[PDB]
């Protein structure tokens, strides 16, 4: 089984982990408190500290909020070359001078940041997306990483919508707030 990483242990990390397992992946979780977080996951999931989880996979969902990204900054060297999937949303349209994905890319300039899955609710990961809204919008400045995340979306039974460069991340982040 291919191993996919998730940082964080909240509602989104838990739902993502469900879908990943159902779709045939092995999951490693990076948590600040893995002994405590382990009870929030099945035994088949490897729950560990961030620095250990990162050694087990090259593709990591960053299932934490933007305001906590800098808690990972000391992992910069270990994260070099890895794909980081920015799943985040904000409470306001155009909330910051840069999109959350661009902010993450600036914190980890030698990682490969891909925006994706922010439009998917926790409940949609558990039940599946509505038949008329299986779309997940994906973008990245790195074409190879973009294509890997597109293929992951397909394996998770979503319809990936390739919006090209990371410049698309801003309006992808605005989309849940628009109607």
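Numbering follows the first chain given and starts at 1.
Student: If you average the CA temperature factors as listed in the entry, which stretch comes out higher, 36 to 44 or 51 to 59?
Tutor: So the stretch with the higher mean C-alpha B-factor is 36 to 44.
Student: Test of understanding: from the entry's C-alpha B-factors, which stretch has the higher mean, 73 to 81 or 97 to 105?
Tutor: So the stretch with the higher mean C-alpha B-factor is 73 to 81.
Student: Among 136, 132, 139, 64, which carries the highest Cα B-factor?
Tutor: Each of 136, 132, 139, 64 was compared by C-alpha B-factor; the highest is 132.
Student: Whose CA atom has the top B-factor in the entry, of 152, 122, 29, 114?
Tutor: Each of 152, 122, 29, 114 was compared by C-alpha B-factor; the highest is 122.
Student: Looking at the C-alpha B-factor of residue 6, is it in the lowest, middle or highest third of its chain?
Tutor: Its C-alpha B-factor belongs to the lowest third of this chain's values.
Student: Would you please rank residue 118 by its C-alpha temperature factor against the other modelled residues of its chain and give the third it falls in: lowest, middle or highest?
Tutor: Bottom third by C-alpha B-factor.
Student: Using the B-factors in the PDB entry, rank residue 179's C-alpha atom against the chain and give the third, lowest, middle or highest.
Tutor: According to the entry, residue 179 has a C-alpha B-factor in the chain's highest third.
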